[PDB]
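Report on one structure; see the data block that follows.
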Amino acid sequence: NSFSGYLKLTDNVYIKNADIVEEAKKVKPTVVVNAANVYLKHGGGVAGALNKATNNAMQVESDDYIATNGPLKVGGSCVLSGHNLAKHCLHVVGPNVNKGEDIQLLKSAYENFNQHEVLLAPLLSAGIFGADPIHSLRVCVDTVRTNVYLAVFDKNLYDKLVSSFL
Ligand SMILES: CC(C)[C@H](Nc1ncnc2c1OCCO2)c1ccc2c(c1)S(=O)(=O)CCC2
């Protein structure tokens with residue numbers, strides 16, 4: 001967990017303008033959070049990038065999880081191997097508001113982070129999921145009590161988040 005260049009926002013929330021895959025390789029954290037869907041199909045965005053860095057080992061393992069346990073619920077999670085990126089990968093399903101899923105579930109999604117002392121994570125539901133990224137950061141700051149290091153790849157978004165937070 002050798003996080004470097006983070007800006008401390010609150011006692012337990014840190015933020016950096018960085019690619020989460022590159023951070024995972026440099027830091028080798030205990031837990032890396034994946035912005036997953038309920039079937040753990042990592043076809044793009046953060047999920048696709050993390051899977052591509054494991055050379056599809058995350059996807060094989062995810063398919064085996066789904067075969068045995070069935071899909072996750074929106075707001076839920078599961079802990080799987082982190083392969084070469086981390087000791088564990090916490091797959092968390094935020095609501096896809098662009099498809100009508102309730103924004104209240106974003107609090108339930110962030111609540112999963114509380115079972116891990118330290119995590120490297122993306123902003124949940126801020127992708128193709130269509131949630132307002134600044135609102136997602138507010139839910140994170142209000143819900144997460146353990147230590148979370150957020151990697152936000154876009155410098156324009158990072159600057160807006162830091163300006164909003166101050
Ligand atoms: C907002 C965006 C800049 C950010 N992208 C990344 N943030 C950090 N690391 C990355 C990023 O994408 C390339 C790999 O590394 C982001 C954050 C959350 C979500 C997505 C994207 S999504 O994949 O569109 C859907 C799931 C939720």
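This chain uses plain numbering: 1 for the first residue, then up along the sequence.
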Show your working on side-chain contact (heavy atoms from CB on, under 4.5 Å) between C140 and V148 and close with a plain yes or no. CA-CA 9 Å; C140 179; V148 62; 4.1 Å; yes
Between the main-chain N or O of [Y] and the side-chain N or O of [X], is there a donor-acceptor pair closer than 3.5 Å?
X    : Y    : result
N112 : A109 : yes
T146 : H116 : yes
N51  : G43  : no
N56  : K52  : no
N1   : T30  : yes
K16  : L7   : no
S125 : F129 : no

Below 4.5 Å, heavy atoms only, C-beta onward: do [X] and [Y] meet side chain to side chain?
X   : Y    : value
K26 : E23  : yes
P95 : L106 : yes
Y65 : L72  : yes
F3  : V118 : yes

So the salt bridge (charged side-chain N to carboxylate O under 4.0 Å, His left out) pairs with at least one residue in residues 146-155 (sequence neighbours excluded) are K155-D159
Rounded distance (nearest 0.5 Å) linking atom [atom1] of [X] with atom [atom2] of [Y]:
X    : Y    : atom1 : atom2 : value
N55  : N84  : CG    : CG    : 7.0 Å
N96  : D102 : CG    : CG    : 12.5 Å
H91  : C78  : NE2   : SG    : 5.5 Å
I103 : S136 : CD1   : OG    : 7.5 Å
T143 : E111 : OG1   : CD    : 6.5 Å
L40  : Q59  : CG    : CD    : 8.0 Å

Begin from the C-alpha positions of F153 and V21 and carry the test side-chain contact (heavy atoms from CB on, under 4.5 Å) through to its verdict. CA-CA 10 Å; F153 189 26; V21 170; over 6 Å; no
What's the shortest heavy-atom distance between [X] and [Y], and which atoms?
X    : Y    : answer
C89  : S81  : CB-O, 3.5 Å
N98  : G130 : ND2-CA, 3.4 Å
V144 : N12  : O-ND2, 2.8 Å
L80  : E61  : CB-OE2, 3.5 Å
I15  : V162 : CG2-CG2, 4.1 Å
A121 : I20  : C-CD1, 3.7 Å

Carboxylate-amine/guanidinium proximity below 4.0 Å for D63 and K41: yes
Show your reasoning for whether side-chain contact (heavy atoms from CB on, under 4.5 Å) applies to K25 and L85. CA-CA 6 Å; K25 297 182 183 167; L85 295 174; 4.0 Å; yes
Between the side chains of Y14 and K8, is a donor N or O closer than 3.5 angstrom to an acceptor N or O? yes
Can you confirm whether the side chains of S62 and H42 place a donor and an acceptor under 3.5 Å from each other? yes
Among the clusters formed by ILVMFWY side chains lying less than 4.5 Å apart, do [X] and [Y] turn up in the same one?
X    : Y    : result
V32  : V46  : yes
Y158 : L9   : yes
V74  : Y39  : yes
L150 : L161 : yes
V38  : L124 : no

Quick one: list whatever passes ring-ring contact (aromatic ring centres under 6.0 Å, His included) with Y110, sequence neighbours left out. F113
Kindly determine whether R138 and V141 satisfy side-chain contact (heavy atoms from CB on, under 4.5 Å), including the steps that lead there. CA-CA 5 Å; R138 296 281 182 203; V141 159; 5.9 Å; no
Is the count of non-hydrogen atoms from other residues, nucleotides or ligands lying under 6.0 Å from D11 atom CG greater than 12? no
